[PDB]
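Okay, so we've got a single protein chain in two different forms coming up as structure tokens, structure 1 first and structure 2 after it.
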Structure 1
């Protein structure tokens, strides 16, 4: 299926406590594979996935140099934004950036993007055409004009359609045993009493990969997507994912409700009952 290469960048100022915290985390699909965190005596770009051992020392030296360059530019950004928004030097602020590209199963580009947020709000984003930017407010309109005069979109587009796609393909090749695998979900249902003769049925889906999955509860062949409660799919600590979905049913009727699990590793979806 399709795959993605994404970099999540966060820079946070801490007045009175020194330089801003700077973190850049890279993901292929939903698996963390590289990271840089400024909060270390000797911050270095580090592998977070076993297959990244396949890159030579130059990869790490280059990515580390680039990261240190980012710490500096984001430190400047935090100051600039204080001016744009007329804010004081006493408070902590956050800049976030998500950059990435996605390819189809054939390795061809599907889409690319880069979006910024300041204090958790949209700031500026590259439009889908990868040619122009859209600004969320007047401060971002200043940035838009700077980047247009400097021709930043063309350079970013070159990275998204070129470099980003090429490296994603290489990561998928180098880490194929990990990235292109399919671990089927193993599911079970738990039962919990409630007041008012009602029971909570919780359908668990464990040990699966990739992360995409669908858990539904049915009654009389129909989905109860409405009254269901669920958690966002989440990492389980070893590179696999987990998820649960619950529904509150009448006591004594548990038998009529079925959990359905749909996943890439299930030619036929799983059907369970308490």
Structure 2
């Protein structure tokens, strides 16, 4: 279907504790596929996914020197902002950037973009039109006006519509196979003390991928919309994820409640009950 290539960049300063830490992470369809950390010994632009190891050392050297160069401009920007905001040089700060494009199954551009953030707050963004900017405060206006006066958007656009796309095309060919991987969840239910006239039933789903999943409880066909306990889908630390949901049902009435699990990997939405 649709795909996208993005780059998440962070530049964080460590006042009088060395140079700022620069990290550029690359994603394809939300899957990290390349990375560059400056705090690594002899920094290199490492391939994060196997299907990437099929690129020539020429590419790896190119992208490494690109990052190093960006790491430099960023080291400068940090100081520039420091002055836009009149902030002590002694405090630490952060610049984050998100750049990339999202293309449709037709291979056409659906949305390109570039957003900046300073200390966790949106700084400036490139608009839908890929021609204008939107500043989020007095400081960003300066960058805005400069970038207007320099044609930055035009150059940036040129990258989002072309360079960025073509490379998304190339990465996908070498790794679509892998990007299709899917792991169906395994589910079981658990009964819990919960002292009183009630009990807790926890519906577990583990070892699944992608992280997208939905867990829901039912009482004799009708669905439960209240007092459902859920936990943010979490990484099992082995490529797969896990998540659970629970409800405190009146004791005895265990059977009357059933759990449901929907996941693109499953051939069909499994149904759990808890079996004594």
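Only residues modelled in both forms are compared. Positions refer to the first chain, counted from 1. Rigid core: the largest C-alpha set superposing within 1.5 Å between the two forms.
In this comparison between the two structures, the chain bends at a hinge between two rigid parts; from 166, 75, 44, 179, that hinge is at 179. Rigid-body rotation of the smaller part against the larger part between the two structures amounts to 6 degrees, from C-alpha fits.
Taking the core as the fixed frame between the two structures, we note the C-alpha of residue 40 moving 1.8 angstrom.
Superposed on the core, the two forms differ at residue 188, whose C-alpha moves 4.3 Å between the two structures.
The shift recorded for the CA atom of residue 158 between the two structures is 0.6 Å, with superposition on the rigid core. Look at the core-aligned forms between the two structures and you find a single run of 3 or more residues with C-alpha shifts of 2 angstroms or more, at 180 to 274.
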